[PDB]
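Chains as they are written, first to last, in the deposited numbering: chain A5, 239 to 1037; chain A6, 1147 to 2143; chain AA, 1010 to 1252. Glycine is no exception: its CB is placed at the ideal position from the N, C-alpha and C atoms.
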């Protein structure tokens, strides 16, 4: 059977194999996809091909290596299929009609497949280009418009010869285009073409083989485009954003404009881009919503993805010696920010939050270009944020939530520039304390900030005991001076500070971590009793577990005696139905990092659970609901589940005390909604012994695995971020000792259940505190089978 | 063996594990657990049938015991104490940047890889004797009667067929037997449940592959089509209907470039005899399957022919033999089927009849396609499109372009036909062109196929087409409708007729047609004209002596019908035909039909009678000429025959809508060569291309005439009034020309209309000081069209002459049609912005500004200023700008004049009205400069001493300060501070209406 | 849009968002209360919290006298408590007038719960953030304790508690009627039943009380009255001299 193997192959790409065998494999799937006459799972075969020819399989490009390794595919077969979609005379036979999904959906696939195997059409059959156009062209008429155009864009290879180049065919596209008014049914193909072709010429000019038979395609002012060709596409794009809104996926529509820039002859183009931003200016304004606010947003983003796209492909090539003056200069990155900054700032305040998240996400792309301008952006974003935390926006909801998104989509970069980074302690201990219990939304957007600051920063005291220290005296004074400066019109370039004082401010800023976690934990226990739900309960546990991993032993060992402390003495689990998750799990994540903490935490959950049982908890029967007199017993039981699950080998010490307590928990305590809980104890303990998992996630290892203490932005940009001595992960591997307790248990609980149940087969049909007990033992048995699941072998029955 | 490897502890399939005490220990325990769950199941179904809570907890204990083997899949994804890989990826990954991750992320990423290496391990296996026992139990539960039980069991039996091999077989051979039972044990809710099972994604899918068992099953679901009592039978129909839509079979030799398997061809010598052996078994596995369906086919026709009357699920059969006696990839055309499918016309039921046709027409178009493919079933999926009657033509042929043109006008000695949509040509010639042969053959088929078609024409009596069309009319009264499915059936009767099998003679369809033409019944006329369209799709059928009996009947019939006496009900139908027919058949297959609508005894010329009648043609001739657009269009006549002078609108408008179409037919540029073509596009003035569609000189001449014939008649209204206007010839022409322009500016004809604007179309239109009130009468909106022509497909060089037409030095000519050209500009600018050379961008701005000053019309000084802002918005460069500001604020600045004077001036002086209107527009062109430019305060200050004067300029200076104070509203908390000038006060009056004091 | 969170209508899961929130308000005062039955008395203890030294304790009361016979104690913002007390003080005066007998504890509760229900079903009026605990020594049923809540619910309790540490107090009582296996406190004089109600609350809250941190309401046949500053000190002095 074909379809099966075609999959086990998919599974095999996960390791490696010879390019000489790809030549083979690809050839199979190129011709396989194009079968006719039977039921075929095409989507699969065109996807094999597309993955075999991947142009970025981990920085490696397999279309290059397959071109170089002698792959050549028949174009007549592909074009011959895509042409069954033309008007075959005698209606009685025409098989394919667009319009009707089932058909258009095949066509869209063939077209995709061809795009994939365009580069393997014989560069050497000189009259393959000209032959194929002279055919499609004669086929073009109003009734074919729809099927011909797309074909050309995905079945004709970008060739370039001495006499007949592909750009030879441009003057004909700007004959159709420029004859109908803006029409997405047409335009989308024109942009896709002159763009994936302009991308091509650029790609080919750099590094590789600057040829393909002709470097006889000159770049200049406006990419490969005439003066009037460029001029036209500009006023057409303006037409789209101001008048006729005719564009889809914009990534494609933007190409031509990006790949027509010439680093050494921009000017005349930037002149054309500026007047396009000055036109578009008013239509972004937060109170001018219309049919356009989508196109302008989806474009201003598609364009700055597709520019940064190019830059990071060239900077990958000037890591190969080849500058090329076609390349984008430090001064392009500058004039790009000049243009789209008011534009991006207006859009991000827009009334639709989705249409804003587009303009707001552009800040990250611009900052990666590390332009000289960088300050202009950090300047806005930080005022907008400091104003918001000072309640200067309290009358306007959007500015508050907006400028917190601006700031989040940009945190990681602030941790770098050695000036801004100072603010980050303050801005964090401010977010934590401003976490609202009534505004579900503000809180979700604050956790966003809090977790982003923790993901790229080590919670560490970086003071060498330097006496001047303190947060005030040394950090606050500076932070206020920077802000005063920034507020009064001045920028950060004009801001002069001593490299001495500014490093006092930074180091002294890393002191507040302790006094601020006492305030985060306090805000967690307040949130245990809120009808926040789901999405946001989780995201909050990410923030508590990320904050832990970015913590040195000094601080963590504090955080631990602070969860421990607050978990016991708290007045915070009242309200009906609580989010235990928000507090039990952050405990488990302490035990992951420090198994030593388990020996005593567990023995305390047990002499506190036996306590609650003995005083009437789960005495009162009910399906459907957890009785509120139980809520405490249920906290301690969830904790015990969540915290065993992460105990691992440290559980070997108090093995016998556990088993004998589990048997106690099932002798006493019957109650169908508590038994779905108590029966999980057995699983969270079998899984923890034999499940093979990670254990260490710390931002920086051991407390000492010194890269030094210029170690902020989490190495996220350093190339040492991934040499093997940094990434020294711990891992729990099940030892012969654990597997052996693992099995002791399995048989001891497995018996316990089967006895207590083979007993109850002296049947009381009434009781109903009988069907409660049989369900109990069948749940304990069940969760005994899971977690303990890693010791079983599918194949055992063959042997 | 093993390629997944996940630290299985007991060694990765070394059977380092089999020699491990700890490993027989472990499975000996899962065995006990398994044998114990069965011990409990039997103990419950015996002691506790009426309990749901128990059985749910057991059914989860089995969803686990069967799945949680290598992995952990229930509990798999509960938020636990690990940071989520998907979350962290969002926080840290920038795109176009390789893994910029912090240490924390790398660590989950790795753990995430281990955990996925575990789930990779295919747990799929062979049923373990005990495992078969428990799967049988899980069925008696998914076969239970309580929804609170059977619904989790079904969901639980699906997680179990994912895990066992050919377990679907175990399931069916338990279902069917215990459904056949639950039927002879009566109305059971166990039938209701078994049907719920059969609708499970995973089962309902494997059903269309069980050729053995679907025999017995369809006959069980049929017996089930009796709501003896429940929702059953509703479910049995949905299911039997779902079934007709699956199944089939593929004989056809995968049209594969043999290069789809070669590259992977092992050295192994003929140890690839195996391949040619598989080829043979997957070829009689197939041929057995194919026979099982024919056995089912015939065993149903049994229960349909022999079962005196079963009622209206008479329908499954027909809905099915059809997707079967016409599938191919085999399928031996049975003649006993074609008989039974037709003898179901005797139930005189609308739905059955609609289907007998839909079926008879496919069951033939299949037998037909065997002859055309010569039994080479493969030849369908080979794009060397066989059919013996298709012919390819070389188009590069030095000479071809004029074969076409002079062969499309040929109706008597026709050489080729393009039924359908004619693509090749139009743009250029050179391609090969698929075409069809004249007096198309019938072709031969073997005897089995022959006696089948005989058994149709021997059944298509004068009486049977009587019964069947009648019905199609009555079911049709509700809807209207046309469906080609109807016409493509009549062409079929025609093939059958004079090819031998029917013998009904065409003179029988001429009555059947003339018959259904009651000038009254709409759904009855629709049947008549559905018939006509068939007689024209029945030239793919011999007899040149019948193709003359039919050309003769048709000129006779179109006479009775269209030659006077025509309701908006007929017109509704025939006009439907005109847009359709020419697209499903080349109309030259008929000498009379087309050469009838073009016989134009219909366009009178003046009104002191009743002129006459209607578009009792025009709109139907047009909708044929629209659908050909290329072919047949020799119309030397029509152009010399058009009117324009016509008194009525319904005609004036229609003569225009027709000319529009007549022009789009001579505008296709179809060139000689692709090469000859691209050399024209290359050498064009605009770095762009050729005007696509270009009106050919001999027509550019016609049109120019109609405009300059109307300029000749400007004496015709030397001084008449609106009432003696609608009656002049000058109006009639003018109205027609207008309706024409309206229809050019719409759609694909725009590129045709442009050359005429500058000299013809815009001088016209502004036929409006040629009377405003004359437009209100014969309701024409010129203003809305002239200006709506500001946007549109203009080309680099055409812009030139258009900006020169506006901004005319002859401007001064018009009067408040001035605020018109000024609004056309405001629109052009928005659609030619970024495309205008700073030269043009100026010729405009110097016109606009020359209007802030034109003595006389106060109306326009204001419309000019409102427009000058549209300019100064895209004008950020600061020296064009700051040099205007100065030009304007020189006519006012300071107290050039003392108080008493400002009052006097503000009311009369135009040079100062302009200066304040202008300087006003500039400020209103920067609506939201987020931090405010200091040239704005200082220049509102110069404007405030003037908005303090009541008069005409001091008024449009209050506009400018209120307009402003308004849009600055939300940014005002802040803008206040850039107004040191206690000329904040100076801005308080400003807005005054009558309601303020 | 997402405005089923702001008025008394049905969320998509049959929930009344505004009522659930209204409940959350009853804690906003941070006082706890409990109520008990005697052989022939009823007792309600509430906390009195006077933070502002500028206050006059005598005016700070969450215990209301509704009739000769009926007492009410509220957990909730003072404004809403008075809105309810005033309305009950009047529904029970009207009841006596129209129908000729004093108004009975359980009927007043059904009537305020019915009221509390309309708020729960009409768009424009909001429920009150109060939980009304009604006590009396009703002439037909004996000691009565009936509690209504913003949901519209009412039911009668052996004993009850309400407020922030509600469940700590509640579980204390439950374990003392599991143990005497009855529906009341077998003591004759109300004094000993007030001492008991204070005792089992000190036990459950783990803090001692002074004459100033408690409010006591008592219902005997033919009277409902409240204990004075001193009438309590006496009750506390007696607890301390046996415990």
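Could you check whether residue 1647 (chain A6) and residue 1603 (chain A6) sit closer than 8 angstroms to each other, using their CB atoms as the reference points?
yes
Looking only at C-alpha atoms, which of 300 (chain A5), 874 (chain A5), 691 (chain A5) sits nearest to residue 851 (chain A5)?
874 (chain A5)
Could you name the residues of chain AA that residue 854 (chain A5) contacts, counting a contact when the two beta carbons are closer than 8 angstroms?
1180, 1183, 1184, 1187
Report buried or exposed for residue 1321 (chain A6), applying the criterion of at least 16 other Cβ atoms within 10 angstroms of its Cβ.
buried
Cβ distance (whole Å) where residue 1487 (chain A6) is taken to contact residue 1460 (chain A6) below 8 angstroms
That belief does not hold up - the Cβ atoms of residue 1487 (chain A6) and residue 1460 (chain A6) are roughly 11 angstroms apart, past 8 angstroms.
Can you list, in chain order, the residues of its chain with a C-beta nearer than 8 angstroms to that of residue 1891 (chain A6)? Leave out the 5 residues immediately preceding and following it.
1899, 1931, 1934, 1935, 1938
Along the alpha helix (DSSP H) that carries residue 1462 (chain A6), what are the first and last residues, could you check?
1460 to 1471
Who are residue 1053 (chain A5)'s beta bridge partners in DSSP?
This structure gives no information on residue 1053 (chain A5), because the portion of chain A5 shown stretches from 239 to 1037.
Can you tell which of 2142 (chain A6), 2072 (chain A6), 1417 (chain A6) has the C-alpha that lies nearest to the C-alpha of residue 2109 (chain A6)?
2072 (chain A6)
Using three-state DSSP, classify residue 970 (chain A5) as helix, strand or coil.
strand
Who are the near neighbours of residue 1729 (chain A6) in its chain, counting only those whose CB is closer than 8 angstroms to its CB and skipping five residues on each side?
1566, 1567, 1773
For a contact meaning CB atoms closer than 9 angstroms, what does residue 1506 (chain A6) contact in chain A5?
Simply none; closest approach about 15 angstroms.
Scan the region 862 to 877 of chain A5 for residues whose Cβ lies nearer than 9 angstroms to a Cβ of chain AA and list them as they occur along the chain.
866, 867, 869, 870
Report the residue ranges of all alpha helix (DSSP H) runs contained in full by the region 481 to 524 of chain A5; include only those spanning at least 4 residues, in chain order.
489 to 496, 508 to 522
Mind pulling the chain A6 residues with CB within less than 7 angstroms of residue 1019 (chain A5)?
1179, 1207
Contact residues within the region 476 to 500 of chain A5, judged by C-beta distance below 9 angstroms to chain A6
476, 477, 480, 481, 482
Looking at chain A6, is there any beta carbon in it that lies within less than 8 angstroms of the beta carbon of residue 720 (chain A5)?
no
How would you list, in chain order, the residues of chain AA whose beta-carbon sits under 9 angstroms from the beta-carbon of residue 812 (chain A5)?
1036, 1173, 1174, 1175, 1176
With 8 angstroms as the threshold, decide whether the Cβ of residue 1037 (chain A5) is near any Cβ in chain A6.
yes
Excluding the 5 residues flanking residue 1838 (chain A6) on each side, which residues of the same chain have their C-beta closer than 8 angstroms to its C-beta?
1815, 1897
Among 1031 (chain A5), 791 (chain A5), 861 (chain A5), which residue has its Cα nearest to the Cα of residue 943 (chain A5)?
791 (chain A5)
Give the range of the alpha helix (DSSP H) segment to which residue 1190 (chain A6) is assigned.
1167 to 1193
What separation, rounded to the nearest whole angstrom, lies between the Cα atoms of residue 1927 (chain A6) and residue 1853 (chain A6)?
19 angstroms
Reference residue 1952 (chain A6), options 1924 (chain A6), 1922 (chain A6), 1981 (chain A6), 1996 (chain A6), closest by Cα
1996 (chain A6)
When the distance is taken between beta carbons, is residue 1199 (chain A6) closer than 8 angstroms to residue 1009 (chain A5)?
yes
Give the straight-line distance between the Cα atoms of residue 299 (chain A5) and residue 292 (chain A5), rounded to the nearest whole angstrom.
6 angstroms
Identity of the residue in 869 (chain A5), 842 (chain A5), 582 (chain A5), 830 (chain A5) nearest residue 2076 (chain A6) by Cα
582 (chain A5)
Which whole-angstrom value describes the C-beta separation of residue 1692 (chain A6) and residue 1644 (chain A6), a residue pair presumed to lie in contact below a C-beta threshold of 8 angstroms?
6 angstroms
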